[PDB]
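[1] quick one: initial chain(s) of a complex, as found there:
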Amino acid sequence: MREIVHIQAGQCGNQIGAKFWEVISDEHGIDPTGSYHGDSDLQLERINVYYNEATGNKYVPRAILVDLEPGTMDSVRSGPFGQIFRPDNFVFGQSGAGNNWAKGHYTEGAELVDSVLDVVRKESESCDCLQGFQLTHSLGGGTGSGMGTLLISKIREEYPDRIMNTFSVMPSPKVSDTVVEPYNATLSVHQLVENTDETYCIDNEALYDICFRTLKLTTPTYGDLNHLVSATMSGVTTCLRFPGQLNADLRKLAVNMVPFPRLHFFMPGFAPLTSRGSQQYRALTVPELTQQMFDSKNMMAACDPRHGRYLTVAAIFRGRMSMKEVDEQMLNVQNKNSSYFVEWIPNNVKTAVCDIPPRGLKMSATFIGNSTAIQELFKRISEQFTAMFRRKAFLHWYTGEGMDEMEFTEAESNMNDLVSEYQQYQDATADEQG
Amino acid sequence: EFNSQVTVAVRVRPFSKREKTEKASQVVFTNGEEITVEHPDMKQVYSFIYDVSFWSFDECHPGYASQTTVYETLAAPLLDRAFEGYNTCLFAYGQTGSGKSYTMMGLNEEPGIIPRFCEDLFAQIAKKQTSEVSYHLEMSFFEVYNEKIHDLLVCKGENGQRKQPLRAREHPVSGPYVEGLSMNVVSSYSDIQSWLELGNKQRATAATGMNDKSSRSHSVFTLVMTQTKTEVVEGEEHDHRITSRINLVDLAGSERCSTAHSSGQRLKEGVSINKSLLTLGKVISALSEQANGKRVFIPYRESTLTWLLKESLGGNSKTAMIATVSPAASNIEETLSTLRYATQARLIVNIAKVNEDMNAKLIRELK
């Protein structure tokens, strides 16, 4: 019943989500026709979270594919799982946003957005009880940053009592892939802070290190990277589809992860990832998984938690785990690494355990963490931003589409206030005597 | 160099129809400056000191503070400083059915602070209206309702639903402000009264269990006063201007859903009020700890109210608080929360300055 609408904006999200349905269908026993060819009877019990029944027990996903270019949509159709999506749910235009946040928000996206709302309002009304939404976009361009942030501004107005989860690829620290990353990443944060409840921040430079350092992959394509993001996307929504001993919805995590309404930027993770050789030399058990999850070298956010403090974290387990083995291990982290946690939250950790594991692993785990080390990502954009905006380098492509310099200054001070909201907590606090 | 302290004042209300039907006991006693609360259980007694106390419990007992008395004790100094060239703020705080709207706006035959303020302002202007000094006055009156902003001084068009919301923005110097807001000119008391009537008729009101005319929205009354003056200079005169913003704020109540029998829009709007008071409270708790050496970050962006009032709670204004309390024993903990937040607001210090409209230009370097 806890139904979810998936929305995929840009060459990134439509490339991630396309793998997300290659990963969920294998978990629910759906073939590329929509026909069910599974083994267990638990798959079909809660397949309604992501899928809809069409005619003959053919299952059509609740996906929404949006972009300002038809090239990405052709890859989905001419692909493995192209024939299952609703062909009336592919919304597209031409003459894309040109790496301009001004176009996807005001000029071009505003022409195509009402078409997107037609799909959303039809899929949500067709759902019995909406748990929330799920957006996969890339801020750094103009479509996912512009046309995605605009949709959240509108769904939050129509559905203000529902969850709006977001899986966003953030700009990377070392090497750029778009020259105007700061202007587009900045203005998105000015909107996401006001209109989101969970925002999972992903960075490709970290996945390049995961794929190289852990998986021992020498030529990692974007398929492999998005084969990692889709995992966490499945772990967060596992306790709605399969049963367990301690279940956790989306709201139970945010209530246990968002202590103040603006600090909803997380550092995800997945366990157990290994190379194809070392698999025969490991022992799959919780103390082996918890060591990978809390490892700084297994994050996707390109931020070291050891330069901050975990305000609150979570752990979603899948398998025939032992709860004593789980509760004992999370306590070992806080008592050992007490400096990387806050004092005014006594138990900084939440846990959840499902009983039905991933297709080929006797046990998996998904990790979500809110830390003050996300300060480093926002503090960087604020430096690149003001360095360009102080000289007004590329600004005439944003004003020429119907924007003003004041809207560039608002987003700067907001992001700078979010830095201070995280920075007060990162410094160790002390009462008079306590 | 200036550090202006916030002027906190308290007003005890008389018993209500509910608190007389249920024959509730008196627990808030006064002696003048101090206000004490003897719990019924008689296990401990709390007492608080304030700059100003008002006791409207009895219309006969000595110490009875009236509308004119609260005015002449609180607002008249703010008017003096506003003419001096300061920005000023007067904001109410309390629970449901405690005398905030009656205190500030008042009724037809029992005026509050706002009409008296505007009247004495125009009187002093007409009495000092020389060719040496000219005066220009703009007003605005707006509303916060379910985190949405609304203009009160418009004649809405006919429709199934006609409430066009506005947006809040951040000007780098002037600070937060509202885009799309009617700033209407005023020459005398009559236009002010007409606009006040229109605004109080457009404001959101409802019937709940603790007040039949419960305001479902925060209300801000802004007056922008620009006084122009001369100095004999190399050329023409009329080369000094002093601007002053007066912000009179009437907020709603905490509204426990159990007592305030609420379902649907009342719950919804009530919940919004509860989220607005929690944020405001957190901002008054951080401003009272930032005036004691400890460094803290005030969260003004978590609520449109505190966001617009960034310049009043802190920053540049001479500001005053009117806490409103009920003397019954069935509301002790809420009265005490009000009094504790007021005693913490007493410790706030702002940096008030004269708006000469000349800094960095020429006479800053003269100085």
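    Yes, it's here. Numbers count the residues shown, from 1 in each chain, chains lettered A, B, ... in the order given.
[2] going forward, measure contacts between C-alpha atoms and count neighbours the same way
    Will do.
[3] so what's the residue count around the residue in the stretch 301-434 of chain A positioned nearest to chain B?
    The stretch 301-434 of chain A approaches chain B most closely through residue A:410 (6.0 Å), counting by CA to the nearest CA. Residues near residue A:410, counting by other CA atoms under 10 Å in any protein chain shown, number 19.
[4] kindly report the same for the one 10 residues further on.
    Here the neighbour count serves as a burial measure; for residue A:420 (other CA under 10 Å) it reads 17.
[5] contacting residues for the nearest residue to residue B:208 once chain neighbours are set aside?
    Of all residues beyond its chain neighbours, the one nearest residue B:208 is residue B:260 (5.9 Å), with distances taken as CA to CA, 6 or more residues apart in numbering or on different chains. Residue B:260 is in contact with B:208, B:209, B:210, counting by CA atoms under 8 Å, 6 or more residues apart in numbering or on different chains.
[6] in the chain, which helix is the longest?
    Looking at chain A here, since you left the chain open. helix A:406-426 (DSSP state H).
[7] meant chain B, my bad for not saying
    Criterion DSSP H: the longest helix present in chain B is helix B:265-287.
[8] show me what the following helix or strand past it is packed up against.
    Of the helices and strands lying after helix B:265-287 in sequence (DSSP states H and E), the nearest is helix B:304-308. On a contact count with 3 or more CA pairs under 8 Å, 6 or more residues apart in numbering or on different chains; DSSP states H and E, helix B:304-308 meets strand B:175-179, helix B:265-287.
[9] go again using 6 Å as the cut-off
    Identification of packing neighbours for helix B:304-308 by 3 or more CA pairs under 6 Å, 6 or more residues apart in numbering or on different chains; DSSP states H and E yields no helix or strand.
[10] buried residues of the next helix or strand along the chain from that helix, list them for me.
    Once the chain leaves helix B:304-308, the next helix or strand it forms, by DSSP H and E, is helix B:310-313. Neighbour counts using 16 or more other CA atoms under 10 Å in any protein chain shown place B:310, B:311, B:312, B:313 of helix B:310-313 among the buried residues.
[11] quick check on the spatially closest residue to the last one that is not a sequence neighbour: phi, psi?
    Ranked by CA to CA, 6+ apart and with sequence neighbours excluded, the top spatial neighbour of residue B:313 is residue B:319, at 7.2 Å. Phi and psi for residue B:319, reported as degrees, to the nearest 10, are phi -130, psi 150.
[12] following sequence is chain C, place it on the structure:
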Amino acid sequence: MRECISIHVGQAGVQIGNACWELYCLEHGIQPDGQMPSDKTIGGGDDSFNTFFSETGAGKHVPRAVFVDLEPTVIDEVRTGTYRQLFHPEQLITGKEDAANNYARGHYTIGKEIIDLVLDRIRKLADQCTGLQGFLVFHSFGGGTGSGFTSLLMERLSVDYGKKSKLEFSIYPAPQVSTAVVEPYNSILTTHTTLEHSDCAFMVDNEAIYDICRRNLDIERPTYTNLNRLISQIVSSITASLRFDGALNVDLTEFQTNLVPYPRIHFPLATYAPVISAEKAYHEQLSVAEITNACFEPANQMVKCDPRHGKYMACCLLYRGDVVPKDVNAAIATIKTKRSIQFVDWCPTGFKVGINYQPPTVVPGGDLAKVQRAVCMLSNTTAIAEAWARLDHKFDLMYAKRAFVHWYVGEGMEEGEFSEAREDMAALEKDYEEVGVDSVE
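    Placing chain C onto the earlier chains gives this:
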């Protein structure tokens, strides 16, 4: 669905079009007859790639291009050569008399009574296009038609179509080599008019490609059938994301944005790193880390201007073939580490990246090799100010004595148009100083 119009002005543009339309046909499976036999094996789809080639119901493919030269020689080669059965017979010759290398003839006098017959064909093509994304203009500073006509055209195209990307591929005059005594004027008069209307002007210089073809491909006696085949590749890279699949696709409005901070210094430089022959094709790895570093090797630039005398304001890398992003990020990280490649203080994110999957094709009779990887760089540098100053000094040496001006006045050009265009070119030389001065608080 995404369609781009090409405009080839002068002998230069036509001789690059012919180089271009020999390559666009091979990649997509088209013969010079306009036909497409490999549709037997797929059954339609979009292999008749609508970016360049429209299609008739009879199976014929006709390209979206407009040629114009004001001289019948170069275009009559097309109506009598291999590609006579491909092009629409409306190939705009009005060459009863050429422009005599005179921007006053190409703009006014002989530029009219042919500038109104060029807009009709474009307007005819656009009404066949649904998603028109922009124009691609091939011309040359140094002539009258490639200097006057283009200016005259780009003014009109900035009114009929307005806000659409107009990217130029123009041959910039070389510092030493030249084929005319009036390149300074026409190159200076054309910027002044084309500056406020174009969006990104890709420059090339034949003195550079001559050196590339000598050092790399081992061609010591080349001609223009070789140079124009390299330029054919640069355009295929820019337009590849509109035809084939990929991971990071780049629309036309991304070059207009990342490479052009201010609206007046939109003058980038181009490169093509793996310019190697079939023999040097072996003995070499040809990886991303190999190909990316060559694009900053100043000897492999396609315009003679050392970036080590200036600073980079932006850079766009366009990869093709078997390329993995992990190899790209490792490469840009190596360039950001080096100190001989300076970037402005107001662009710490100074790299745009795009990737495609379709490798380049090999024209038979060609000089280039078969490769699985290929890269095109597009860099906006402050070095280009040196070339403007050179053209400005030549202008002053020859305008102070009023040489060759009577040929321009004789074609309706005012004397004050040379002082107004040389004073507007002396502003841009100052703009490139400001963008190179490091900010201070």
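[13] again for the contacts of residue B:260, since chain C is there now?
    Applying CA atoms under 6 Å, 6 or more residues apart in numbering or on different chains, we find residue B:260 in contact with B:208, B:209.
[14] let's see 10 Å
    Residue B:260 sits next to B:96, B:207, B:208, B:209, B:210, B:211, B:254, B:266, B:267, B:270 when contact means CA atoms under 10 Å, 6 or more residues apart in numbering or on different chains.
[15] equivalent analysis for residue A:371, please.
    Neighbouring residues of residue A:371 by CA under 10 Å, 6+ apart: A:263-267, A:303-313, A:340-342, A:422, A:425-426.
[16] what's the local residue count around the residue in chain C that chain B sits nearest to?
    Nearest to chain B in chain C, going by CA to the nearest CA, is residue C:441, at a distance of 17.9 Å. Residue C:441 sits with 3 neighbouring residues when counted by other CA under 10 Å.
[17] can you check residue B:199 too?
    Using other CA under 10 Å, residue B:199 has 22 neighbouring residues.
[18] buried residues, the helix or strand harbouring it. List them.
    Element membership of residue B:199 [criterion: DSSP H and E] is helix B:189-202. Of the residues in helix B:189-202, B:189, B:192, B:195, B:196, B:198, B:199, B:200, B:202 count as buried by neighbour count, 16+ other CA under 10 Å.
[19] the fourth one touches residue B:104, doesn't it?
    Yep, that's residue B:196 we're talking about. No. Counting by CA atoms under 10 Å, residue B:196 sits too far from residue B:104 to count as a contact (12.0 Å).
[20] could you name every residue contacting both of these two?
    With CA under 10 Å, 6+ apart as the test, residue B:196 and residue B:104 both reach B:114, B:115.
[21] dump the residue contacts of residue 251.
    This is for chain A. A:131, A:132, A:162, A:163, A:197, A:198, A:257.
[22] that's the other chain; I wanted chain C
    A:69, A:94-99, C:2, C:133, C:238-242, C:354.
[23] tell me how far it lies from residue A:316.
    Using CA to CA, to the nearest Å, residue C:251 is found at 41 Å from residue A:316.
[24] next one: residue B:248
    Residue B:248 is 51 Å from residue A:316, where distance means CA to CA.
[25] same check, this time on residue C:423
    Going from residue C:423 to residue A:316 by CA to CA gives 69 Å.
[26] of the two, who's got more company?
    residue A:316 (24 against 13).
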